[PDB]
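Chain nomenclature is as follows: A, B, C, D, E, F, G, H, I and J, assigned in order of appearance, with residue numbering initiated at 1 for each chain independently.
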């Protein structure tokens, strides 16, 4: 007469989570404040 | 007469989550504040 | 006379979620504040 | 005389969700504040 | 005399949801504030 | 018998030019790619 | 018999130019790629 | 009989140029790639 | 009979140029790649 | 009969140039790659 209970508040089996973040907030391109040329 | 209960508030089986973020807030292109040329 | 109960408030089986975000808020193209040329 | 109950408030089987966001709020094209040329 | 009950408030089987957003709020084309040329 | 010539190809006297660009291509308001809620 | 010539190809006197660019290509407001909530 | 010539190809007198660029390409507001909450 | 010539290819007198660039390409606001919370 | 010539290819008198760049490419605000919380 075994109860054979399984009682888990959270059960996770076989779960894969991948989180990928690439290039958040990054300057691969040039940023120039000012360019001044040829000023007389 | 086994009860054979399974009682889990959350059960997850075989779940894959992929979160990908690419290039959030990023400057691959050029940003220029000002360009001034040829000023006499 | 086994009860054979399954009692899970949330059951998930075989669920795949993919979230992809690409290029949120990103400057691949050029942004220029001002361009001034040829001013006499 | 088994009850054989299945009692899950939410049951999900075999669900795939894909969320894709591309180019939200992004400047692939040029933005120029002003261009002034040839001013005498 | 098994009851054989299935009692799930929400049951989902085999559901695929795809949400795609492309180019929300994005400037692939040029935006220019002003262009002034040839002013004497 | 002074000639008293003034010969200037371009003459500018007392000229003020103001160019103002405000908020070109800018997101003061929120942009959201997708909002998904309450999905079972 | 003085010639008293003035001969300048470009003459500028008293010229003020102000160029102002504000908030070109800028995110003061929030941009969100996706928001997902409450997904079972 | 003095010639008294003035011969300058470009003459500039009393010229003030102000160029101001503010907040080009800048994120004062929040940018989020994805927000996921409450996923079971 | 003095010639009294002035012959300067470029003459500049009394010229003030101010170039100001503020906050080009800058993140005063938060940028987050992903936020995931409450995932079971 | 003095010639009294002044012959300067570029003449600059009394010129002040101020160039100011502030906060080009700078993170005063927080940037986070990912935040994950509460994952079971």
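Assorted remarks:
Criterion: contacts are C-beta pairs under 8 Å (C-beta built on N, C-alpha and C of every residue); 3 or more make two chains touch, one makes a residue touch a chain.
Listed options A-B, G-H or A-I contain a single repeat of the C-G interface, assigned here to A-I, on the basis that more than half of the contact pairs agree by residue number. Two chain pairs, A-H and D-F, are compared here, and D-F has more C-beta pairs in contact (counted per touch definition above). Centre to centre, using the average C-alpha position, chain I and chain J are separated by 5 Å.
With centres defined as mean CA coordinates, chain D is found 9 Å away from chain B. The centroid of the Cα atoms in chain A and the matching centroid in chain G are 36 Å apart.
One simple way to say how far apart two chains are is to compare their mean CA positions; for chain A and chain D this gives 14 Å. The multi-chain contact residues of chain H, meaning those touching 2 or more other chains, are 1-40.
Put simply, chain H touches chain B in their complex at residues 10, 12, 17, 19, 21, 24-25, 27, 31-34, 36, 39-40. Listed in rising order, the residues of chain I touching chain H in the complex are 1-40.
Contacts from chain G toward chain E in the complex involve residues 21, 24, 31, 34, 40.
Contact residues of chain C toward chain I in the complex are 10, 21, 25, 33.
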